[PDB]
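Presented as structure tokens, the chain that follows is alone, the form deposited in one PDB entry.
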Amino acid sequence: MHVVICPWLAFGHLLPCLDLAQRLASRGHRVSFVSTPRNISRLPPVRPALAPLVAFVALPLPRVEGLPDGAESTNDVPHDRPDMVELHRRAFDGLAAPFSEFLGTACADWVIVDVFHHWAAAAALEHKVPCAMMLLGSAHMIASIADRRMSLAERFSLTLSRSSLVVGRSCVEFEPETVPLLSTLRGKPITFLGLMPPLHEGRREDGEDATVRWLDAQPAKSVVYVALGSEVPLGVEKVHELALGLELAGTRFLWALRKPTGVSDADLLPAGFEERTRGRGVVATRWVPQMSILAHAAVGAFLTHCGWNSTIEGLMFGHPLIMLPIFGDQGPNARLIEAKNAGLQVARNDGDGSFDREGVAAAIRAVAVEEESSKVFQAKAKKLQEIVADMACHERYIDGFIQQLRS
């Protein structure tokens, strides 16, 4: 088959879509990976053996006054500048005509579109190509969308209405409580393509990255890795509470931190924090090799925002989770793993959802420091790792997904 894949302009979408493209090409399918040029330029390289089977189709983002040239992804357009989020949405929707032109002559068997691709779904209908909508999260999250407790909701609803199939990233082995209960979303069949845990070969990072050389100098399971994915906002006041919570709990840490918009370098972290913690902690204000870090012997707990990629990556390497969900599917993901006893959420105010250094330190202590509770979280995370890291199981689910596309 020729499968056209259209990821949302966000690294939590681009990365698993690139892995799915290579899983399809590995089984002898042709893939057109449709995105914007700077986003494509920032992706890990395709395996040389698959080079002719994964075609990158670069559609330039239209120019929108006030949207920087090159600001193509949610990693570039900050959530703390909602006016720019809106300009990026307008630019994204401007891809409609170039995409429809491409699809007309593509000889596509399937279009697989992401959560806001209402125009790509419209093009699939126009060109009589079946359309699958990606909702590459947990079964628990898909259940939440079915029973929740243009606007974003309208963009999603319209994309779903024009699709024939909804694609989740889980399996009955991981969510036996939920997967058997799900049949349809807006009357469209739900299919699960497994957890699709990533591969080092697919995420080609540097094993000589400064963060990995620092981890090399720390003893086994001694380091709390801290990362909140590629896009969620965390304002400077919240950065300081997270910093001081890490300091007070006293563990070694490696922290991949994105800067809030318009915050000075001198203001980013608490006064003297970097000096006081220099001996036990590293803050990297750049993209880090997360797969190399989570695969590293020095990492024990993972302080995660519970993005679905990070949840799967943490558990595939048997890390218990210290969970700080920010938006979207992160709350449901955090509650799902808490219910599996493999991590604990940082306390949040029942009112404004705020956290402080005491809540951060208490969660770190419970998961990573206190002998008895940390031992149990570690054992429970290892039980989940048995399911998450079963690569043969998740490859069988990809085969099943391809059979669904045929049927």
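Position 1 is the first residue in the sequence shown; the rest follow in order. Rigid core: the largest C-alpha set superposing within 1.5 Å between the two forms.
FYI, the form deposited in another entry isn't displayed, but the following is about it.
Among the residues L87, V263, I190, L125, the single one whose Cα moves by at least 2 Å between this form and the one not shown, once the core is superposed, is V263. Once the rigid core is used as the reference frame, the Cα position of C107 differs between this form and the one not shown by less than 2 Å.
Core-superposed comparison between this form and the one not shown: the Cα of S310 travels less than 2 Å.
After superposing the rigid core, the Cα of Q345 is displaced by 2 Å or more between this form and the one not shown. Note: the CA-CA distance for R213 and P45 expands in the other form relative to this form, by 3 angstroms or more. CA of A297 to CA of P45: farther apart by 3 Å or more in the other form than in the shown form.
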